[PDB]
2 protein chains.
Amino acid sequence: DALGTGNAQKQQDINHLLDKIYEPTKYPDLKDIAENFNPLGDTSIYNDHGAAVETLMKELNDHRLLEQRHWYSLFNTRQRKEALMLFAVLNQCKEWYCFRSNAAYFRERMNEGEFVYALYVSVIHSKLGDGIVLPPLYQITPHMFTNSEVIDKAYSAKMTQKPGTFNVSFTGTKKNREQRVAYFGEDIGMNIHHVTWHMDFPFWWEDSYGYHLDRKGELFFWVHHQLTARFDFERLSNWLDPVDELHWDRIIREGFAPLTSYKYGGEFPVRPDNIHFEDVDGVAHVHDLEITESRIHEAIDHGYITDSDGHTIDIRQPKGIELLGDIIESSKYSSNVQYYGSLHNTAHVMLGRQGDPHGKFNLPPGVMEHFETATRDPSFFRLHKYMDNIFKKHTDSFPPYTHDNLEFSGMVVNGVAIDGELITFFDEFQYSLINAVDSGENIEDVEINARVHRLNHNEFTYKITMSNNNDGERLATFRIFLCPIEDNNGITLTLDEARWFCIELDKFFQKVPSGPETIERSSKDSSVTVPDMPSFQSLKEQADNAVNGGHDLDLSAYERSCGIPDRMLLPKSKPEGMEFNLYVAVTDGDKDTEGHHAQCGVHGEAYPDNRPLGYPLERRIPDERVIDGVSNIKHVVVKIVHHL
Amino acid sequence: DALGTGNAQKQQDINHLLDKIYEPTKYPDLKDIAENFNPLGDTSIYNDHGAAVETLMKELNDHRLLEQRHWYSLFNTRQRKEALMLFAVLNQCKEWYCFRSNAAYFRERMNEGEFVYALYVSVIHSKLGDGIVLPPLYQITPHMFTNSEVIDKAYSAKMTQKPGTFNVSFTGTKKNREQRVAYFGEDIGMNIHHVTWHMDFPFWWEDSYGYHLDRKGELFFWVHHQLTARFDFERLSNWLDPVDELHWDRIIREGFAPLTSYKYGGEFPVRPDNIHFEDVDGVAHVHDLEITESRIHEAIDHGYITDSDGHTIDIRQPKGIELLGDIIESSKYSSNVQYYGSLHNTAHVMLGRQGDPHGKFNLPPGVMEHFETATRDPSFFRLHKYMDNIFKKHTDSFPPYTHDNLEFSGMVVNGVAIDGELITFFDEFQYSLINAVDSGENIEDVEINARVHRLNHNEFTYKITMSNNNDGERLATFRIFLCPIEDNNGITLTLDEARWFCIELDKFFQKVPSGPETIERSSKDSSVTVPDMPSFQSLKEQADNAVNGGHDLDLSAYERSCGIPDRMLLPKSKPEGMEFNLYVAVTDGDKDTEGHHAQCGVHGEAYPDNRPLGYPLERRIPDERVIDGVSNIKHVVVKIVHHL
Ligand SMILES: *[C@H]1O[C@H](CO)[C@@H](O[C@@H]2O[C@H](CO)[C@@H](O)[C@H](O)[C@H]2NC(C)=O)[C@H](O)[C@H]1NC(C)=O
Ligand SMILES: *[C@H]1O[C@H](CO)[C@@H](O[C@@H]2O[C@H](CO)[C@@H](O)[C@H](O)[C@H]2NC(C)=O)[C@H](O)[C@H]1NC(C)=O
Ligand SMILES: [Cu+2]
Ligand SMILES: [Cu+2]
């Protein structure tokens, strides 16, 4: 601080705080704070009169909080509770003086993951964290994102003090599996979004924390339907077939070995292939799921969710799908959590100890019991294919849309063109292995680096040619889906068979002139995308330079970023090329935003589009006859090519 | 050398050679040799005219030998072949000039395990290696013997250059398993013997190498029957029940996670528990065993082994049990290896990839596919219980022994006493983690250490009181077994039910006076035991000091050591105490040694006792009525106590 603000301050403070995190801090101010401060002497800084502080001390006192240098999953009901207590202090600070103090005081005696986890969520949601950009998880705690080999290579770099970057690998016996569609799950970008997505709208949020995240519920429905489609496409491009939905009565056919290791903790357990699910002590019974899944499935089938009193709360209406998501992921918006439980989240802990359900070996938690690591394990997508059609069951009970339904009279797409080429290839990225190796003191830092291989495509532009027959200027929702065309059996599906498989590429609002415009728009301005983020270091360099320099840091570019990696914008496809189908449906802006970032409504911000999500492909479309004769929907085929 | 010998030379040379083994040598002479030498320019040093050298070069040339810094199991038919080529050069050296040369030349471009493995066997069997003591595997390549945690702790010591010893753990969730009888399998001593035992008498030996190991065949029968008994006792002392024999048609009920890691290689794969055996690609089919086991079992049942011609070679006679061992472990003394295959050894590779039989994950080999590590995994003893009663099937087909049979007329044991207490406790040991961490150069060595917890007992003495009624002085075999008494069901077995479960404590030859002697003998002089061995370092200190000093190193104390750890002499038992049964049978020395160390006949030396092995408890003993009425057999009960 400046006995306050700056941001190149707030910012600095943060970088110091998550610097070498597996070891006591080396920045002196952080330490006399660390020593000298007492979160309990001027309950005033606190808008709670410090009930939150007072609760953590209580526990840090009876020393009943998890130990340092030990692992942590966010699926542990206690670890979570402890991590979230830090969030509630940092939360009720009136100003930087209370935050730095506490994340310093605490940083130094609470465990690292509870700490990493609390500092981030807090920075993301609390009032006080505007100016900041968080360093990328992959560089702050590299063990969750780099391999096991590169990690050991970095440990040696360090033992010997000779530096250098190592090239990472990809998982199983490439050319032996479906560690062929690996590039997708294993990417530090998607892994970043996956974790952020759930830090932006956490399953544990209560509206006591301050505001209400708006439609987490549909937002949950949708985000995962997207990774499940996005995933299903990559498997198309690899001669692989759409994924199996998981069942509790069957073998988990496809198991994997992650080759990843914890920092403190041991290597991630592995799963043998063609295994039978076991009842995992502590978490829940396998049948416990099977009944949960039926209570679920009866709410969809009935038309109503029934709460605790036996009140039936109707869901055959638009808020529908969000009360279903509150009961299915199970977040605290659940109406009856004692009855519908928690399919999704239990299903994550349940798939993770398949390595050790009675816990005879005391293996650590597993790749699925963590967000920066689940997309690694193949059953991750088998498990969301199953959540995915629990939702479609509801999703599909609506009656199809009428002509009169999709029509935004006046507007009509004339043509759709791609100004450029759809070309995807494989780039190269480098993140840093330093917070991973321990350097104590008087020993100096050798710069170790990891180099990964990630997908990419080339910027391209949309030229959407189109006339407003209306008398004059109307607001427009430009919706753009890229659905597939044939099967992988070769078969050629139907906009019913394929409406569900399509992934959203862009959604934006523009005004339309009163006559033939020709809107053009960029790979680069997509609304579902996010650039790669600034390096850890680089945000140190920068933070530092505006401290000794006066003031700024306006890199607002990054204080939310909900989306997926720009690199992942289009699917991989084949080197021969495939022709996908592009759908531009343009709906009516005035009714869409008929009421209101608002992209990552991280802080209470009402999501702006009111149409439900996947509009208008979210509904059974039995006769294509129709999508086809509304002026404001047009489809054109595109073709993507893969450079070797 | 001294352009030869010494031993504090030969010795020095060796310590230099296995010093930091995961990195090019730092001892300069070793390097100009390494560079300058040509194993192919004075084929003269070679008793082969250097066909052996000439064969390794050939391969090192086409560079078709395994790479350095990669793993190695002795179960790999190629890795083995490559490791054993080094043995054949080092083997045909006329003097040190040829050995050092080669293990220097080679050390530097052949892989480490092939190298570690060749240098040891070579030192053990070749003519030229008399004076030496080998450093203990546990300190030369610590990754095979220390845990995964201590290993990582040592890696950190090194990163930061701050030293120190870490205390090791024990395996699963002690108080949750049968990682309660862990102290036994996991001991660096037994693991040492297990590997030595099979380096002393290797499965691959051909008598072209020079001499014939004498009864490896019975020697195999017996060594394993011993670990299987010794193991079965420890499980008695832990309220556990004797072990299950393994079958190929059933689930492997008891699986474990080893928590151990390779140096170059990844962590040891784990095994889930209640798994079904899969056909493992590359090694052999599961049924391939099931038939092997029948071809085996029919030789026992028939009375003959049938070779390649269809010759039936009889085995219902004393050489019996050794031709059976040649066919069962399958070593090269097999008469028909194309028919009886290799149950034992395949059974080791077969249990190891249970982690990955089609090899979709490319996990490394597993704890059972290695001798310094098999005793770790629980199916290790399930698998030797099954080999164990294949042998008993044959073992038991003989007719029981007659009175007239065991009687060594003249002698009679009067009494048997234990001068002291049978007390076993848990000591503490420290071996060194240095060859484990890499230190390159100009970086200096910090002394890292591992501390383990191992069993122990207290010296005690035998006072065997006994009269030679014979006219005068007769030679005697003093045989001493410690069999159990009751069940663990509480039941109280029979010297038929328990003859097989007893472990040998001592076997020695002494002359008996012509009248009442009273022989007393020590925990310490046992013939089946070996002291802990000298430290790595310590043999460096010592080697070095007699180099700059003139000459010696007579520590012959250690140039073979076949036995088990003195610490493991008696079983653990209970803290309440158990009464075991002690059997001293004294047979007739003149007929025993009716013909000839001779303990570890490492070099061709005829085993000296002629009685078969386990004499006289190796045969069905249907009426105890008999063992009981031969003067020279007496049994007394003892009682062992466990200090907490
Ligand atoms: C990892 O792959 C990279 C590709 O980035 C390789 O790094 C290259 O090193 C080679 C040496 O053969 C150079 O010719 C390239 O210019 C390098 N590129 C950067 C296009 O360094 C690297 O060889 C791989 N392996 C290590 C077996 O780093
Ligand atoms: C490992 O166990 C050893 C037992 O050898 C412990 O080392 C002891 O350190 C304590 C400190 O509490 C001393 O009181 C003992 O004198 C030590 N003995 C050697 C009988 O050092 C050690 O505490 C354990 N843990 C580390 C949690 O080393
Ligand atoms: Cu063995
Ligand atoms: Cu064996």
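Residues numbered from 1 in each chain as written, not as in the entry; some residues may be left out. Chains lettered and ligands numbered in written order. Part of a larger assembly, values for the part shown. Heavy atoms only, no water. Residues with missing side-chain atoms left out of burial classes, pairs and counts.

### Details of the overall build of chain A
A count of helices and strands for chain A gives 20 helices and 18 strands. In terms of C-alpha radius of gyration, chain A reaches 25 Å, essentially the compact-globule figure of 26 Å for 644 residues. Dimensions of chain A, computed from C-alpha atoms along their principal axes, come out at roughly 70 × 60 × 60 Å. (Helix = DSSP H or I, 4+ residues; strand = E, 2+ residues; numbered from the N terminus. Rg over C-alpha atoms; globule rule 2.2 N^0.38 Å.)

### Digging into the site of ligand 2
Taken together, the residues surrounding ligand 2 are B:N167, B:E428 and B:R451. Within the contact set of ligand 2, an oxygen atom lies 2.5 Å away from a side-chain nitrogen or oxygen of B:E428. (Near = heavy atom within 4 Å. Polar contact = N/O pair within 3.5 Å; in protein donor to acceptor, adjacent residues only side chain to side chain.)

### A closer look at the nonpolar core
By size, the foremost hydrophobic cluster in this structure holds 396 residues, and its most contacted members are A:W248 and B:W248. If sequence neighbours within four positions are ignored, B:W248 has contacts with B:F277, B:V286, B:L289, B:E290, B:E293, B:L343, B:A347, B:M350 and B:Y386. (Core = buried A, V, L, I, M, F, W, Y, C linked by side-chain atoms within 4.5 Å. Buried < 20%, exposed > 50% of the residue type's maximum accessible area, 1.4 Å probe, protein only. Contact = heavy atoms within 4.5 Å.)

### Some thoughts on the domain arrangement of chain A
Residue and element names in this part refer to chain A. Per the domain assignment, the segments of chain A are domain 1 (1-169 + 428-454 + 533-551), domain 2 (170-397) and domain 3 (398-427 + 455-532 + 552-644). On a C-alpha basis, the centroid separation for the pair domain 1 and domain 3 is 38 Å. Taken together, the contact pairs 22 residues of domain 1 with 15 residues of domain 3. Roughly 1,600 Å² is buried in total at the junction of domain 1 and domain 3, and carbon and sulfur atoms are behind 53% of that figure. The largest share of the area that domain 1 buries against domain 3 comes from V133, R454 and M533, three residues that together contribute 35% of it. (Domains from an automatic or database assignment. Buried area = accessible area lost by both parts, 1.4 Å probe.)

### Brief notes about the site of ligand 1
Every residue near ligand 1 is listed here: A:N167, A:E428 and A:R451. At a separation of 2.5 Å, an oxygen atom of ligand 1 approaches a polar side-chain atom of A:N167.

### Re the coordination of the copper ion (ligand 3)
All names here are of chain B. Every protein donor of the copper ion (ligand 3) is listed here as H194 (NE2), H198 (NE2) and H224 (NE2), and their distances to the metal cover 1.8 to 2.2 Å. Each donor residue of the copper ion (ligand 3) lies on one chain, and together they are spaced H-x3-H-x25-H. Separating the copper ion (ligand 3) from the copper ion (ligand 4) is a gap of 3.2 Å. Placement of both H194 and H198 in helix α10 (residues 188-200) is noted, with a separation of four residues, approximately one turn of the helix. (Donors = N, O, S within 2.8 Å, 3.2 Å for Na, K, Ca; no water.)

### Some details on the interface of chain B and chain A
Listed per partner, the contact involves 31 residues of chain B and 29 residues of chain A. Of the roughly 2,600 Å² buried between chain B and chain A, counting both surfaces, carbon and sulfur atoms make up 57%. Contact with chain A buries area across many residues of chain B, yet B:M159, B:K360 and B:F361 alone supply 29% of it, more than any other trio. Counting across the chain B and chain A interface gives four salt bridges. (Salt bridge = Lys/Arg side-chain N within 4 Å of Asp/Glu carboxyl O.)

### Quick word on the relation of the copies chain B and chain A
When chain B is fitted to chain A, the best match, at an RMSD of 0.0 Å, comes from turning it 179° and sliding it 0.0 Å along the axis. Here the transformation between the copies is reduced to the relation of a two-fold axis. If distances are taken from each C-alpha of chain B to the rotation axis, the shortest is found for B:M159, at 2.0 Å. Of the interface residues in chain B, 94% have counterparts in chain A that sit at the interface too, so the contact is made through matching surfaces. (Least-squares fit on C-alpha atoms.)

### Here's the deal with the UniProt feature "binding site: Cu cation B" in chain A
All names here are of chain A. With numbering matched to this structure, UniProt assigns "binding site: Cu cation B" to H344, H348 and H384. Maximum C-alpha separation among the annotated residues is 10.2 Å over a sequence range of 41 residues, consistent with a single clustered spot. With respect to the helices and strands, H348 occurs in helix α15 (residues 343-352). For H348, the contacting residues outside a window of four places in its chain are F75, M368, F371, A374, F380, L383 and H384. Relative to the assigned elements, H384 resides in helix α16 (residues 379-395). (UniProt positions renumbered as here; feature names shortened; annotations may be inferred.)

### Quick notes on the pairing of strand β12 (residues 474-483) of chain A
Within a regular beta strand, the side chains point alternately toward one face of the sheet and then the other, so they alternate between its two faces. All names here are of chain A. Counting buried residues along β12, eight of its ten residues qualify, which places the element largely inside the surrounding structure. Pairing of β12 with strand β13 (residues 503-512) involves nine bridges; the strand directions are antiparallel. Residue pairing across strands places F481 opposite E504, the latter belonging to β13. Where β12 and strand β17 (residues 578-588) come together, eight bridges link them in antiparallel fashion. (Pairing = 2+ DSSP bridges.)

### Some remarks on the pattern of salt bridges
All names here are of chain A. Summed over the entire model, instances satisfying the criterion amount to 98 salt bridges over all chains. Between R100 and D13 there is a salt bridge, and its shortest N-O distance comes to 2.4 Å. Within this pair, whereas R100 is found in helix α5 (residues 96-105), its partner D13 is found in helix α1 (residues 10-17), the two being separated by 87 residues in sequence. Assessed through its relative accessible area of 8%, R100 is described here as buried. Measuring nitrogen to oxygen at the nearest pair gives 2.5 Å for the salt bridge that ties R78 to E82.

### A closer look at the packing of aromatic side chains
Inspection of every chain in the model, using the stated rule, returns 70 aromatic pairs over all chains. Arranged with centres 6.4 Å apart and planes meeting at 55°, the rings of A:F220 and A:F391 form a pair that is tilted. Here the residue A:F220 occupies a position in helix α11 (residues 218-236), and A:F391 occupies one in helix α16, the gap between them amounting to 171 residues. Summarising the burial analysis for this pair, A:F220 and A:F391 share the class buried. Arranged with centres 5.4 Å apart and planes meeting at 85°, the rings of A:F460 and A:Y462 form a pair that is edge-to-face. We classify A:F460 as buried; its relative accessible area is 2%. For A:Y462, a relative accessible area of 3% puts it in the buried group. Counting every residue linked through ring pairs, the aromatic cluster contains A:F87, A:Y117, A:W204, A:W205, A:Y209 and A:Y211. B:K10 extends its terminal NZ or CZ atom over the ring of B:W96, reaching a point 6.0 Å from the ring centre. Taking NZ or CZ as reference, B:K263 lies 5.8 Å from the ring centre of B:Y22, over its face. (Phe/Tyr/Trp six-rings, centres within 6.5 Å; stacked < 30°, edge-to-face > 60°. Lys NZ or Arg CZ within 6 Å of the ring centre and 35° of its normal.)

### Let's talk about the sheet that holds strand β6 (residues 412-419) of chain A
Residue and element names in this part refer to chain A. Ordered by their spatial adjacency, three strands build an open sheet running β6-β11-β14, and the pairing between neighbours is antiparallel. Each having just a single partner strand, β6 and β14 (517-522) make up the two edges of the open sheet. Neighbour to neighbour, the strand axes of the sheet diverge by 20° on average, direction disregarded. The pairing of strand β11 (residues 461-467) with β14 spans six bridges and is antiparallel. Note on β14: the bridge partner recorded for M466 is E517. (Axes fitted to C-alpha atoms, helices over the stretch in contact; angles between N-to-C directions.)

### Observations regarding the UniProt feature "binding site: Cu cation A" in chain A
Residue and element names in this part refer to chain A. According to UniProt, the feature "binding site: Cu cation A" maps to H194, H198 and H224 in the numbering used here. What stands out for the annotated residues spanning 31 residues is how close their C-alpha atoms remain, the widest pair being 11.0 Å apart. Beyond its immediate chain neighbours, meaning those up to four positions away, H194 contacts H224, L227, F371, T375 and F380. Ignoring sequence-local partners within four residues, the contact set of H198 consists of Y117, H224, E329 and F371.

### Points about the environment of B:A299
All names here are of chain B. Along the chain, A299 turns up in helix α12 (residues 286-302). The class of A299 is buried, set by a relative accessible area of 1%. Between the C-alpha atoms of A299 and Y340, which are 41 residues apart in sequence, the distance is 9.3 Å. Excluding its chain neighbours within four sequence positions, the residues that come into contact with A299 are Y304, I305, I315 and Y340.

### Describing helix α13 (residues 320-330) of chain A
The element α13(A) is largely enclosed, with a buried count of eleven among its eleven residues. Regarding α13(A), the residues found buried are A:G320, A:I321, A:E322, A:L323, A:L324, A:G325, A:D326, A:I327, A:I328, A:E329 and A:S330.

### Description of the state of the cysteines
All names here are of chain A. Within the structure shown, the criterion is met by six disulfides over all chains. Residue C483 pairs covalently with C502 via a disulfide, S to S 2.1 Å. Taking the sign of the torsion about the S-S bond as the criterion, the disulfide between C483 and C502, at about 75°, is right-handed. One end of the pair, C483, is in strand β12; the other, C502, is in the loop between β12 and β13, with 19 residues separating them in the sequence. Considered together, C483 and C502 belong to a single accessibility category, that of buried residues. Counting its disulfide-bonded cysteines in sequence order, chain A shows a connectivity of 1-2, 3-4, 5-6. (Disulfide = S-S within 2.5 Å.)

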